[PDB]
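Residue numbers (our numbering), protein chains in the order written: chain G, 17 to 77; chain W, 17 to 77.
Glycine included, each C-beta is placed from N, C-alpha and C at the ideal position.
Since the structure comes first, as structure tokens, the remarks are kept for the end.
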Ligand SMILES: *[C@@H]1O[C@H](CO)[C@@H](O[C@@H]2O[C@H](CO)[C@@H](O[C@@H]3O[C@H](CO)[C@@H](O)[C@H](O)[C@@H]3O)[C@H](O)[C@H]2NC(C)=O)[C@H](O)[C@H]1NC(C)=O
Ligand SMILES: *[C@@H]1O[C@H](CO)[C@@H](O[C@@H]2O[C@H](CO)[C@@H](O[C@@H]3O[C@H](CO)[C@@H](O)[C@H](O)[C@@H]3O)[C@H](O)[C@H]2NC(C)=O)[C@H](O)[C@H]1NC(C)=O
Ligand SMILES: *[C@@H]1O[C@H](CO)[C@@H](O)[C@H](O)[C@H]1NC(C)=O
Ligand SMILES: *[C@@H]1O[C@H](CO)[C@@H](O)[C@H](O)[C@H]1NC(C)=O
């Protein structure tokens, strides 16, 4: 996972083939080592396209 | 997939590294051999966190 100046993309480690990140690539490993990317839940969709928080949207809608 | 007395977790088979189950680990293989876990669709979220049934929630909301 890397950063092309405000745009996050995912590529391999052997060849350079960029694409966009999707939800099926992430797991959940509780408690957050320090050297991660600080981001709140509201702006998470700017990292992962095609991720809609059902909870907060049904709070709104 | 195992059970720590009402809490379901997923670990490897070589080392013991527990975490929570997510949606990207399951496939759909129709007709249900006998020795599974009997559970209805309403309480499925107690097995899989971050699984919202869109259909029944839009029936409600
Ligand atoms: C994401 O945000 C968190 C919190 O806003 C950052 O965690 C904290 O970061 C500081 C420095 O990056 C860690 O060092 C501390 O610095 C102070 C001096 O201001 C010093 O007095 C402390 O003894 C300590 O050395 C701090 O430990 C850390 N907080 C915790 C609870 O570990 C985090 O660094 C941010 N992410 C990135 C990539 O910067
Ligand atoms: C999940 O629930 C289903 C249905 O509620 C269970 O399926 C049925 O389980 C019984 C015993 O576990 C199976 O054996 C049957 O027992 C009766 C005696 O009560 C006997 O007369 C029958 O000939 C048969 O041996 C039954 O076959 C099975 N139903 C079907 C359609 O196969 C299931 O066992 C439950 N899951 C677990 C893990 O227990
Ligand atoms: C999920 O969403 C519903 C309604 O949007 C809300 O009542 C519930 O508290 C939310 N749960 C979490 C863990 O965000
Ligand atoms: C999916 O949800 C919609 C509205 O919530 C409903 O009309 C439809 O029957 C549902 N389909 C299934 C297969 O549950």
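DSSP bridge partner residues for residue 26 of chain G (one or two, in chain order): The sequence position of residue 26 of chain G within the first chain is 10, counting from 1. Per DSSP, G:35.
For review: beta carbons within less than 6 Å of any heavy atom in ligand 1: G:50, G:51, G:54
Beta carbon of residue 29 of chain W nearer than 8 Å to that of residue 45 of chain G: By one-based count along the second chain, residue 29 of chain W stands at place 13. By one-based count along the first chain, residue 45 of chain G stands at place 29. No, these two residues do not count as a Cβ contact at 8 Å.
Contact list for residue 77 of chain W against chain G, beta-carbon separation under 9 Å: Looking up residue 77 of chain W in the second chain gives position 61. Under the 9 Å cutoff, chain G gives 74, 77.
Any chain W beta carbon closer than 8 Å to residue 33 of chain G: In the first chain, counting from the first residue as 1, residue 33 of chain G sits at position 17. It does not; no Cβ of chain W falls within 8 Å.
Any non-hydrogen atom of ligand 4 closer than 7 Å to residue 58 of chain W Cβ: Taking the first residue of the second chain as 1, we reach residue 58 of chain W at position 42. Answer for residue 58 of chain W: no, Cβ out of range of ligand 4.
Spatial distance of residue 42 of chain W from residue 64 of chain W (CA atoms): Looking up residue 42 of chain W in the second chain gives position 26. Looking up residue 64 of chain W in the second chain gives position 48. Taking the straight line from one Cα to the other gives about 10 Å.
Cα-Cα separation between residue 49 of chain W and residue 33 of chain W, rounded to whole angstroms: Taking the first residue of the second chain as 1, we reach residue 49 of chain W at position 33. Taking the first residue of the second chain as 1, we reach residue 33 of chain W at position 17. Whole-angstrom Cα-Cα distance: 28 Å.
Helix, strand or coil at residue 19 of chain G according to DSSP, with G and I counted as helix: Counted from its first residue, the first chain places residue 19 of chain G at position 3. Strand.
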